[PDB]
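Reading the sequence shown from the start, the letters are residues 14 to 255, 262 to 516 in mature numbering (1 follows the signal peptide of the UniProt record, and there is no 0). Backbone N, C-alpha and C fix where the C-beta goes; we use that ideal spot for every residue, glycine too. Inspection log for the structure reproduced underneath, given as structure tokens.
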Amino acid sequence: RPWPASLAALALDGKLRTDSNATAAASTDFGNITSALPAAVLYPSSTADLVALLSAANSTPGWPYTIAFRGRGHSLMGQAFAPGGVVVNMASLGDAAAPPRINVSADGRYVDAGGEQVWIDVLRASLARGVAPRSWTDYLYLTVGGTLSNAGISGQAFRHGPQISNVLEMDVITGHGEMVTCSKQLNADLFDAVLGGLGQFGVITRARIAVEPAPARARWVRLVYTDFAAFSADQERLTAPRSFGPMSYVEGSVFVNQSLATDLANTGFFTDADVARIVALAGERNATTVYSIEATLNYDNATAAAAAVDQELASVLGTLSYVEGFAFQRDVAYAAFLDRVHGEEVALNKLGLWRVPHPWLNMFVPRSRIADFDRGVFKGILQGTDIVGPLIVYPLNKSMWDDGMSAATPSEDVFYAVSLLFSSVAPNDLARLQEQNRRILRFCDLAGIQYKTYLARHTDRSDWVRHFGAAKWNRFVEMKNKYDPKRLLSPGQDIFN
Ligand SMILES: *[C]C1=C([C])[C]=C2N=[C@@]3(/C([C]/[C]=N/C4=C5N=[C][N]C5=N[C]=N4)=[C]/[C])C(=O)[N]C(=O)N=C3N([C][C]([O])[C]([O])[C]([O])[C]OP([O])(=O)OP([O])(=O)O[C][C]3O[C](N4[C]=NC5=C4N=[C]N=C5[N])[C]([O])[C]3[O])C2=[C]1
Ligand SMILES: *[C@@H]1O[C@H](CO)[C@@H](O[C@@H]2O[C@H](CO)[C@@H](O)[C@H](O)[C@H]2NC(C)=O)[C@H](O)[C@H]1NC(C)=O
Ligand SMILES: *[C@@H]1O[C@H](CO)[C@@H](O[C@@H]2O[C@H](CO)[C@@H](O)[C@H](O)[C@H]2NC(C)=O)[C@H](O)[C@H]1NC(C)=O
Ligand SMILES: *[C@@H]1O[C@H](CO)[C@@H](O[C@@H]2O[C@H](CO)[C@@H](O)[C@H](O)[C@H]2NC(C)=O)[C@H](O)[C@H]1NC(C)=O
Ligand SMILES: *[C@@H]1O[C@H](CO)[C@@H](O)[C@H](O)[C@H]1NC(C)=O
Ligand SMILES: *[C@@H]1O[C@H](CO)[C@@H](O)[C@H](O)[C@H]1NC(C)=O
């Protein structure tokens, strides 16, 4: 009942809001499928405000408010909600122009970024110093603390590992309200727990991100296949350890035949002439699906850079088996490539097709069963439907993941990131997509495929235990008991709430 002085001070300064405008904005997310109103929203102006909130919660017998840390709210199923609790509007930590919330190291070996900062700003600040993070996410308008609480993957993860494998240290305020700086050498238990920890142990206020000298441009290429075996074999060849090959980025896409021409055109990569040739190829092979590897080779402004890239690319391509003559090239500034999805957002939003339900299906599928997944899903379940949204598929190397961290991955040395990014655009098409997702998961369970979901929150304890693995689960729980004893943090994950 009584309020600690530092907590009341937050309300007095207008940082704790309970108005419908504040609570409503913090009640929905990108998923646009689930929603939950919090009792209040906190707009912290410094990390001290966060210490005050968490300290109050930890020292107040009977504290009944769960606490969530909202970054950009790109969660899909309410992971950033605090039902009847307090949602922290993390962005507020960056309202002040000084002191800066992003500082590139004096020696240019790393960049310190506030947990609330979005990667697009981290990128700009880094480039201003001639450097840039090594591992990214496909979309840059996500927060550092947000992607780090999951894993943070993209086409560079095969060689640099996810974003959680590229963090030197962090400042974290635990459920106890204590500010702790952690790394592999200090408070490593908290360090490993928080990375991929789904916001269960504390709030990341600062993350030290590893960087590399910034490349100036990216030779961007797409290779087309009608044969999945060749497609996957080539992705594995390009991402296999040698130390890794030349490619800086490697992803893949699945195009179902029904809407082939339209989807290829909507990639913003192919010309109408390219599209016509690919459509013709599909008909010739009588394919129900077309596959495309997407890769890049980063290079700088050196006078001989462009020519070197042409030779390097020619060599790499010579080792592949895409359909003869179906290699397509583009050349753009590094930043433009990295922020490519923002353009897709702008276009979709104008059409009112961005802010719609997103029943996205994301999972890691062991290499040994990816061909079965292709048969049962791409060539099976998905056939006959009108797909809206990209179907992304690409291999990852387990060697670049730290299994000591909270993030869960399949046991195999190589596993695929499979992201079926369905957009519910048609009238009331959501129910159909949700059922289709359950069917896909059912197919995998019955086939005995040992996949791991990503960005999904389970609603049954047995599912979370299987997710992390029993032994790893006990470790997760031990860290929960040590850092969030009252089980108040990020209740939307539905692990301890
Ligand atoms: C929305 C979204 C988008 C748009 C994107 C993305 N991305 C990603 C993926 C992929 C995708 N892709 C795509 C594409 N391509 C081409 N085209 C296209 N389109 C679309 N898309 C997924 C699937 C990438 O890339 N990668 C990854 O990995 N991921 C991603 N994503 C997802 C994310 O990451 C998530 O969402 C996260 O979460 C982040 O976000 P944010 O917003 O930042 O956050 P939130 O939601 O708010 O939250 C979450 C959680 O956590 C926690 N926290 C926060 N913060 C913090 C924390 N803790 C501690 N500390 C701190 N600081 C909370 O509480 C919760 O629980 C995507 C998406
Ligand atoms: C970035 O560097 C600045 C200094 O160059 C840091 O600024 C200090 O920030 C703390 C709280 O974050 C304040 O109490 C100090 O008054 C600030 N001092 C200065 C020099 O203004 C800032 O913390 C750093 N942030 C990052 C990205 O780690
Ligand atoms: C790939 O999809 C196209 C349509 O997107 C199919 O072509 C249609 O086929 C029906 C029945 O054969 C014809 O009546 C239509 O006139 C065709 N439309 C087009 C686009 O020309 C094609 O059959 C599909 N191919 C495969 C292998 O599934
Ligand atoms: C072109 O591809 C289509 C689709 O793979 C072939 O038609 C399939 O034929 C099998 C066996 O006859 C059926 O089980 C499928 O249902 C058919 N596809 C669908 C869903 O319509 C077709 O035979 C191929 N053309 C040839 C003979 O080369
Ligand atoms: C979904 O988004 C629409 C429009 O953006 C909004 O009217 C609706 O309240 C949202 N529903 C949920 C569950 O977020
Ligand atoms: C690379 O060259 C472009 C155009 O000349 C320039 O804008 C950019 O700053 C250069 N990259 C570096 C070294 O910052």
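How big is the Cα-Cα spacing for residue i and residue j?
| i | j | result |
| --- | --- | --- |
| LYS505 | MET498 | 12 Å |
| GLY44 | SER334 | 42 Å |
| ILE46 | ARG451 | 13 Å |
| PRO414 | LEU23 | 47 Å |
| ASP205 | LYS491 | 12 Å |
| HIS173 | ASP358 | 19 Å |
| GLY97 | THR31 | 11 Å |
| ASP421 | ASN317 | 26 Å |
| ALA246 | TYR435 | 12 Å |
| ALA390 | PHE244 | 10 Å |
| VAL298 | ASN276 | 9 Å |
| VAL396 | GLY168 | 22 Å |
| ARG388 | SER105 | 45 Å |
| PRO74 | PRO15 | 10 Å |
| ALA111 | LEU279 | 50 Å |
| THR290 | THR478 | 45 Å |
| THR187 | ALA427 | 22 Å |
| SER19 | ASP26 | 11 Å |
| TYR152 | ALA355 | 12 Å |
Please determine, among the options, the residue with the shortest C-alpha to C-alpha distance to residue i.
| i | options | result |
| --- | --- | --- |
| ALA201 | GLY212, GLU182, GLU191 | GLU182 |
| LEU208 | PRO15, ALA366, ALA333, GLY128 | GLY128 |
| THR338 | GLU249, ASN102, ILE297 | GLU249 |
| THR60 | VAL185, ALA18, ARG137, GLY168 | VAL185 |
| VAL101 | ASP62, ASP319, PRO112, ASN71 | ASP62 |
| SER58 | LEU199, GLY107, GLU303, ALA170 | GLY107 |
| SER72 | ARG122, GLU191, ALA126, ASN305 | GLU191 |
| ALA366 | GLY159, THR286, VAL180 | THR286 |
| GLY210 | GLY159, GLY264, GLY91, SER442 | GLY159 |
Which same chain residues end up closer than 7 Å to residue i when comparing Cβ atoms and leaving out the 5 residues on each side of it in sequence?
| i | result |
| --- | --- |
| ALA35 | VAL54 |
| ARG458 | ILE400 |
| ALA314 | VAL234, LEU251, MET266, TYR268, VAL269 |
| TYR154 | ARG85, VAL131, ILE133, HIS361 |
| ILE177 | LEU161, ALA164, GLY165, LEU208, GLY209, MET424, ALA426 |
Starting from residue i, trace the alpha helix (DSSP H) in both directions and tell me its first and last residue.
| i | result |
| --- | --- |
| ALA18 | 18-25 |
| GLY158 | 157-161 |
| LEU452 | 449-465 |
| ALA325 | 324-337 |
| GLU303 | 291-304 |
| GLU497 | 489-502 |
| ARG172 | 170-173 |
| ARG137 | 132-140 |
Check for me: the beta strand (DSSP E) holding residue i runs from which residue to which?
| i | result |
| --- | --- |
| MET192 | 192-196 |
| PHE434 | 433-439 |
| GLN348 | 346-352 |
| residue 260 | Gap in the chain between 255 and 262; residue 260 lies inside it and carries no coordinates. |
| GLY212 | Counting along the chain, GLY212 falls outside any beta strand (DSSP E), and DSSP gives it neither H nor E. |
| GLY97 | Here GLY97 belongs to no beta strand (DSSP E), and DSSP marks it neither H nor E. |
| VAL117 | 115-117 |
Does the distance from the C-beta atom of residue i to that of residue j stay below 8 Å?
| i | j | result |
| --- | --- | --- |
| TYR238 | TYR310 | yes |
| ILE166 | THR150 | yes |
| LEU410 | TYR341 | no |
| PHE214 | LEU29 | no |
| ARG349 | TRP233 | yes |
| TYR473 | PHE383 | yes |
| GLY511 | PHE241 | no |
| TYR353 | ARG219 | no |
| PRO378 | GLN453 | yes |
| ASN416 | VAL437 | no |
| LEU283 | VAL273 | no |
| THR79 | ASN516 | yes |
| residue 261 | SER418 | In the structure shown, the chain runs from 255 directly to 262, leaving residue 261 without coordinates. |
Excluding sequence positions up to five away, which residues of its chain have a Cβ less than 6 Å from the Cβ of residue i?
| i | result |
| --- | --- |
| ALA227 | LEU140, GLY143, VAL144, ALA145 |
| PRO17 | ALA69 |
| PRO175 | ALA164, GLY165, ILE166 |
| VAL124 | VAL117, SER139, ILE222, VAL224 |
| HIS189 | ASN71 |
Sorted by chain position, which residues of the same chain lie with C-beta nearer than 8 Å to residue i's C-beta, five sequence neighbours on each side aside?
| i | result |
| --- | --- |
| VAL444 | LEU372, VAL375, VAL407 |
| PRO51 | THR36, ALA39, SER40, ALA81, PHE94, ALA95, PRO96, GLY97, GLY98, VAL99, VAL100 |
| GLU363 | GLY287 |
Flag residue i as yes if its beta-carbon sits less than 8 Å from any beta-carbon of chain B, otherwise no.
| i | result |
| --- | --- |
| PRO74 | Note that chain B does not occur in the displayed structure, where there is just one protein chain. |
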